[PDB]
Amino acid sequence: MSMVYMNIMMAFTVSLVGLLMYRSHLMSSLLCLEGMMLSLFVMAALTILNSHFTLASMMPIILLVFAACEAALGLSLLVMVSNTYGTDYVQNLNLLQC
Amino acid sequence: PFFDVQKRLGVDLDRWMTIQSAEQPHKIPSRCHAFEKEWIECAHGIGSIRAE
Amino acid sequence: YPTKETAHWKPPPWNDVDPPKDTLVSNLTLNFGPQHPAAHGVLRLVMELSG
Amino acid sequence: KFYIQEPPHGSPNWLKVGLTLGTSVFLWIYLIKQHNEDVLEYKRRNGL
Amino acid sequence: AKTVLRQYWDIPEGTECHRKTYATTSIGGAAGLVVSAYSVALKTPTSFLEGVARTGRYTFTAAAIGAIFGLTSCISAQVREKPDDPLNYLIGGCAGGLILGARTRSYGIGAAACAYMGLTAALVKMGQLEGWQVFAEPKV
Amino acid sequence: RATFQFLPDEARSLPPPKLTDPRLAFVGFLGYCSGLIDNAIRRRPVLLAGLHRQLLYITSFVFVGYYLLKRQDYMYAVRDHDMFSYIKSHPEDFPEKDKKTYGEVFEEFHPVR
Amino acid sequence: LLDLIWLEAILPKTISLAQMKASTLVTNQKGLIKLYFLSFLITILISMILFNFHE
Amino acid sequence: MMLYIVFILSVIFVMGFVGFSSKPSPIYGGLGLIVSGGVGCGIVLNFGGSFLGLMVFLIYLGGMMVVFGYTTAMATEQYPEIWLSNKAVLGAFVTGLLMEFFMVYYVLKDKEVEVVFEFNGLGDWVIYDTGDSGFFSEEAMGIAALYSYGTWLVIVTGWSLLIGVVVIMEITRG
Amino acid sequence: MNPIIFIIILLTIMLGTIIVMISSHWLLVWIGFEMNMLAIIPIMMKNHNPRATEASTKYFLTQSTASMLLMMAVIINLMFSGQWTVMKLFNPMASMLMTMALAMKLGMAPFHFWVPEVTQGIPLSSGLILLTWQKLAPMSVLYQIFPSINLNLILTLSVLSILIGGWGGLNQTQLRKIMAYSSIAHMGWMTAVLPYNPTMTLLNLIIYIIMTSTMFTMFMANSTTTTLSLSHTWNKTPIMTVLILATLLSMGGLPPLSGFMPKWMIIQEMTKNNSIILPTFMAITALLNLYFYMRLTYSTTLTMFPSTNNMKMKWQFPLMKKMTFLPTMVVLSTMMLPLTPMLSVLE
Amino acid sequence: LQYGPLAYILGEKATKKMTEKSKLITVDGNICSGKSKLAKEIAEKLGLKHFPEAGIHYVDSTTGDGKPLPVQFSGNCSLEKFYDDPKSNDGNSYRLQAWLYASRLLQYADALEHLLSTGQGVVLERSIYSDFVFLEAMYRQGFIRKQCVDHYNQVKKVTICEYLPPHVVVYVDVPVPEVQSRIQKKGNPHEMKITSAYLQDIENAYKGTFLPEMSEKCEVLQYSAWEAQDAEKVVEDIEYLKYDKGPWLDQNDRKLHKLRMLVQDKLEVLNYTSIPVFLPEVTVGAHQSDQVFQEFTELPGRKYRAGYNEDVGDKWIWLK
Ligand SMILES: CCCCCCCCCCCCCCCCCC(=O)OC[C@H](COP(=O)(O)OCCN)OC(=O)CCCCCCCCCCCCCCCCC
Ligand SMILES: CCCCCCCCCCCCCCCCCC(=O)OC[C@H](COP(=O)(O)OCCN)OC(=O)CCCCCCCCCCCCCCCCC
Ligand SMILES: CCCCCCCCCCCCCCCCCC(=O)OC[C@H](COP(=O)(O)OCCN)OC(=O)CCCCCCCCCCCCCCCCC
Ligand SMILES: CCCCCCCCCCCCO[C@@H]1O[C@H](CO)[C@@H](O[C@H]2O[C@H](CO)[C@@H](O)[C@H](O)[C@H]2O)[C@H](O)[C@H]1O
Ligand SMILES: CCCCCCCCCCCCO[C@@H]1O[C@H](CO)[C@@H](O[C@H]2O[C@H](CO)[C@@H](O)[C@H](O)[C@H]2O)[C@H](O)[C@H]1O
Ligand SMILES: CCCCCCCCCCCCO[C@@H]1O[C@H](CO)[C@@H](O[C@H]2O[C@H](CO)[C@@H](O)[C@H](O)[C@H]2O)[C@H](O)[C@H]1O
Ligand SMILES: CCCCCCCCCCCCO[C@@H]1O[C@H](CO)[C@@H](O[C@H]2O[C@H](CO)[C@@H](O)[C@H](O)[C@H]2O)[C@H](O)[C@H]1O
Ligand SMILES: CCCCCCCCCCCCO[C@@H]1O[C@H](CO)[C@@H](O[C@H]2O[C@H](CO)[C@@H](O)[C@H](O)[C@H]2O)[C@H](O)[C@H]1O
Ligand SMILES: Nc1nc2c(ncn2[C@@H]2O[C@H](COP(=O)(O)OP(=O)(O)OP(=O)(O)O)[C@@H](O)[C@H]2O)c(=O)[nH]1
Ligand SMILES: N=C(N)NC(=N)NCCc1ccc(I)c(Cl)c1
Ligand SMILES: [Mg+2]
């Protein structure tokens, strides 16, 4: 494939590894989810624009709409985690081991 | 589709955007329109096992 | 099946509710004055703020 | 014995009892009528 | 795994035993590394060194089982002059199970492993001979 | 055959299940068992309580079951129709064999001693 | 020796002991999001590097 | 050199991703995501998507501003971590940069590269279309068709956004 | 939650699943999953406690990650085929990503860790939806893409799910975690037969949903969530202990009960393809499921556990819970075997 | 239409029926402190429903024909036996206390259901909020073990959290020596065995815990013995209360609907009073429970759901 696809596919993989390798802040990982959506938007937009798939031009817009619903949902849960524990640390969410 | 209510009801919910050779606004063609048209017509009706 | 790794596990609450943490969401403390346009220059208004 | 509180089901719910028997009769009549259609259609298509 | 598996089955029984032990040891080492990766990821070691100690202990144990099996089963085939007999994999399988008991210091695990590793290895040779399919291709 | 259709029109060339079908009777019996379980879990007299409710349990089971059996019978007719039509279209794949009698065919004898 | 020991030991007692040990390995987890998702990355990697599930 | 503009932007795109994937303080992760949003907008613009490029930049700028507010409230510590302040963060940062540097160095050396999958390296311009002279923006025509072809898309997205408001109210009402 | 709000959110859960099942376009399939994910989170948080907050957080992170992998697969498929039609994928890397994404959404091993924890952390009513209705959308997608699924990958996921589901349930005393590990095991049977006969996947799915709904409804009727609280049922509603016994035996696959039907038919379809080792291994491993089902029957119906004095106060009140469809579900859960040839309706 | 989400949607909302006179009043005090008489007068003057204190056989009074059942169907727990032998070896002291807490929990749900469904307030005599004073007194005299106290607290935590405290708490403060004289004049032989230290513990708990706790969330009227005699003066006190505090101000139709769905489902109300914690005082062997449960079903009108018992004149069973 063309060389741009190398860097966009690399960007998605970097964000995916970022998502799968948590640190402490839950917000750091929610950022990696938004990054994953950014790389999909760019990769989808390039393919659609290059091929002149006219009707598909709206598809990246729809992707962003549900990226925001995902982001808003992630922040709402972060608020409730923050209220319960005083931090958004993910190691506090271990009650359900038992 | 798992349940083909679109076919039974005769309503086009999403198959208008499934292929780049379907009708486009102001008849703008995709770059690979002819190739997609040729492959789609070759494989039509015979099933994936034969079409492959 | 008890094990050394699960020795510290306790049955969950009967009604699924864990007690609330006594963690302190501490308030921000601000020196409002004396050198401030609204403090009349000599009021050290020590304020505890939440937002 | 005689309840200190009137039971919720102390007396029949006649609106329900009527609907339940009415539905049973309707479904049975529909089923029988449908079956006769199928038998008649089946013989016609098969020249019987 | 596909390539390391072909190597083993592509070199006949009793011919080039050293090459056989390379393949089975390579399989065993890969299995031990996979076990270490999941173990280290799901039960965090107390320190980086302890994680390395646990990995090298599992990977060596797994490679030792693979080495003793691939060697013994080849030696049995060579000495007995019967390259098609499942019994060779039973002897190799049990020996691997015995080594597992050795690395674990537990005659009971050694005995149980010898039985089930031995039978499992014998079943593997039979399936190879007869063409038994584990992940059978859809046909009907 | 027809897309997302429970009973394609071609199914009407088949006879419907009889209302005395043994499978339909079993389905009706299941409706009866459902009625009894309904009484039992609500601590009502199991046999006697709410006969209208028990009737609807039987009738609704029979009603749905009749159409399932009608579709079940249809789908097995379609399976047979497809299989025989395929055999007609590919004779060379389904050759008619020459049959030999046991006087001609050699079978080994294994004594039980 | 045989009925009350060795015939018990070599089948029902050994089989059931293994199942108990396997159960504790499977279920003894820390309930930590970080560890479960770290295991997801390992699974995806070995799925490609070792088993070529992507080919 | 200008012919490689899309490739150069895509290199910065990845650098921003390494920025927030190494997970420093979310203040700096947000900055990394904003840089990637801008260059990502620059990349999509160079393929003829002016509206898509500007829109994704506009959306992520609003998003990261809300993330900034939530960071100061719910994801802060006394000593927020830059990339150089934490060994795990620094190791991820350098590892990502080195992998990117190597893929770039080799793909620009051979005018091609094989990093798992084969990528041509002749400059992204070679694949472009050659013959266009319409009196309209094709991307604009496709996007505008959302309201005449995408009735079904409008309904499900419209409903999802309404339910989203309902849902966040429920989730955050303890 | 306002009663009208609750109904609207439930209909959005169903609409999202239905969108996946009627869509011919990958984008609408992805939208359906997103809409479904959006509406289920408030159902998980409906009781607002730290365990429900943790459960919902773990669910969102897993589902949202899987959706990214799903959308990645769709975009790769678009690059290598130039179309969005829901069907076989045209790139093996796209097939791996979509298969892993659907396995994540299904909670199949080794992506299973969230199922026991999320189910434990939410109410029984929400767990019922999670372990039944939520399997429909990912299964309907697999039903359509299976020609391009890697056979070794899907059978590896199926085998690991049966082992881990069986082993994991042995160590549980909480009912919700027992149902979660049971669900993981049953998912393995569904996807093991998928490459061979997808019709048998639907039968297993339908029968599993009926039996799972029956169990959750009976647990809800008595408001029981532990083994020990379920052991008081004999001293309150004896009939319920018998229904629980019959369903648990059925779920274990014992003839002549319904739950034996899917295992029977799946073994048949696998042996027809000369798959002998795998169905034998699966059936023997499923004995672990039967073991910890049997333990429940011992403590629930076949013995009488100690009770408490305050239980006598319960004798004086009738069951008030809706128990919707329970009489029908339990009959279907147990008495369907004589009608097995009805599976052709699913063709 | 039985109350449910459908009734709520069609309009059955608590704020429609609830006025300024929809209050939950609790009357508390020591033994022989005059609670009963004061509670009855307050209810009659204010026009509220009166709930006589929940005793051993409270639950019988609400189900069946409302008459007390034999004592084996209350666990054989006896208040008389508690006075004769507070340190009984069969665990009667705590078993009685655990039974009484559950009876109060049930009565509180019934009071709340009446208040939310009709808007008429209610008057109680003690409640789940003040039941612990007896437990604390029992423990300080050594009548129960620390484990019994632990069990009581586990049950309370998971039950009392679901309800709202009373609007008004009325306390009649009668000093212990006066109470001892009052108990002495009453006459019943068993109650005469109460020791002053036991009654002082009830008083210490009432003032050391209950009242400081209730004050932060309820209106508290603390009367002496003489003030309490004239119920008219107490009613005047209640009529001019401001009601500026407590969790009732934060209630809305959405919340009271969830509360109504709980209190009308008595098995849900009593769910956690039988948690599987095996204290000898309250654990019943399987053979005993089975026998008693059979005998309970053989009582008139108890085999079947209310309204399906033909032995007691229920008709139309085949259509019900
Ligand atoms: C021709 C019919 C032949 C029978 C075929 C039976 C096939 C199995 C059907 C299972 C469904 C059984 C019905 C559901 C149970 C309802 C009965 C019950 O729960 O309690 C018994 C009850 C009497 O007790 P009571 O609650 O006080 O009600 C008074 C009513 N006079 O009610 C009664 O008075 C008696 C009602 C029947 C009792 C059923 C007992 C359950 C049997 C389960 C064993 C498994 C079945 C055998 C296995 C082979 C299946 C062919
Ligand atoms: C696969 C082969 C085997 C075939 C399997 C077929 C399974 C599907 C077949 C349907 C199974 C469910 C049948 C339920 C029968 C019992 C219904 C009943 O007796 O209801 C009585 C009464 C309500 O009756 P009502 O709704 O007013 O009737 C008028 C309808 N417009 O009110 C009551 O007291 C009923 C309370 C008990 C009901 C349990 C809760 C379910 C609610 C059902 C509502 C009404 C169902 C109507 C059924 C019609 C279906 C055709
Ligand atoms: C038809 C072809 C298909 C073949 C598949 C098999 C068909 C059968 C499917 C069974 C489905 C469940 C329905 C079984 C109905 C059970 C009826 C029953 O349990 O009797 C009612 C009675 C309830 O007691 P109660 O309401 O309080 O009345 C006063 C008596 N105490 O119950 C009790 O009092 C019992 C309390 C003590 C517990 C005893 C437990 C041992 C007896 C279990 C027998 C039922 C086993 C069913 C399992 C399948 C058997 C093959
Ligand atoms: C043809 C190729 C044949 C390949 C053969 C592959 C054999 C399978 C090897 C799997 C990996 C080894 O598996 C692992 O072994 C080590 C033994 O050190 C065991 O480890 C256990 O025994 C010893 C001592 O007790 C220590 O390692 C450790 O203290 C303890 O946990 C683990 O419980 C087991 O999970
Ligand atoms: C605890 C018990 C757990 C379950 C145990 C199940 C035992 C299953 C035994 C393995 C089944 C057969 O296993 C597999 O058979 C096929 C033949 O079809 C062989 O297939 C091989 O055949 C040819 C030659 O025959 C080789 O050149 C080639 O490398 C390979 O394709 C495999 O080398 C063998 O590994
Ligand atoms: C031979 C072909 C088929 C063989 C299949 C055999 C599978 C096993 C069947 C029995 C399963 C019983 O599973 C379990 O076994 C052990 C003993 O074995 C019992 O446990 C009992 O013996 C063990 C050890 O002897 C003791 O530690 C324990 O205190 C005692 O209760 C359990 O009560 C039972 O739950
Ligand atoms: C040929 C295939 C045969 C398939 C047979 C079906 C397998 C069914 C597996 C059941 C597994 C559970 O069986 C489990 O066995 C162990 C035996 O150690 C029992 O455990 C018992 O013995 C061990 C030690 O001996 C004690 O630590 C334990 O306190 C005791 O309860 C468990 O109580 C039982 O739960
Ligand atoms: C803050 C970090 C920033 C990181 C930015 C990363 C940038 C990535 C590297 C991009 C460099 C690409 O380098 C580009 O390669 C091509 C190779 O033909 C050169 O193009 C060349 O075309 C012909 C080839 O015959 C030559 O005559 C000409 O001299 C030369 O320009 C460009 O002049 C050069 O600019
Ligand atoms: N152990 C125990 N006894 C209780 C409890 N509530 C009441 N009693 C006893 O029940 C009897 C009646 O209590 P009181 O109402 O306070 O005494 P009284 O004679 O009716 O005087 P009044 O306050 O006017 O009603 C007393 O013997 C109490 O000790 C309780 O929660 N625990
Ligand atoms: N094995 C598959 N995957 N397909 C499949 N069901 N083949 C069998 C063909 C069949 C079976 C029953 C019927 I009714 C019909 Cl009409 C057709
Ligand atoms: Mg009194």
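Naming convention: chains lettered A, B, ... in sequence-line order (proteins, then strands); numbering from 1 in each chain. All heavy atoms count here, side chains included; hydrogens, waters and symmetry mates do not.
Of all residues in residues 81-89 of chain A, those placing a non-hydrogen atom less than 4.5 angstrom from a non-hydrogen atom of chain C are A:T84, A:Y85, A:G86.
No part of A:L96 comes within reach of chain C, as not one of its non-hydrogen atoms sits under 4.5 angstrom from that chain.
Taken from NE2 in C:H8 to CD in A:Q97, the straight-line distance is 4.5 Å, to the nearest 0.5 Å. Remark: C:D16 CG to A:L95 CG distance equals 11.5 Å, nearest 0.5 Å.
Other residues, nucleotides and ligands contribute more than 12 heavy atoms inside 6.0 Å of the CE atom of A:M9.
Scanning both residues, C:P12 and A:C98, for their nearest heavy atoms gives CB-O, 4.3 Å.
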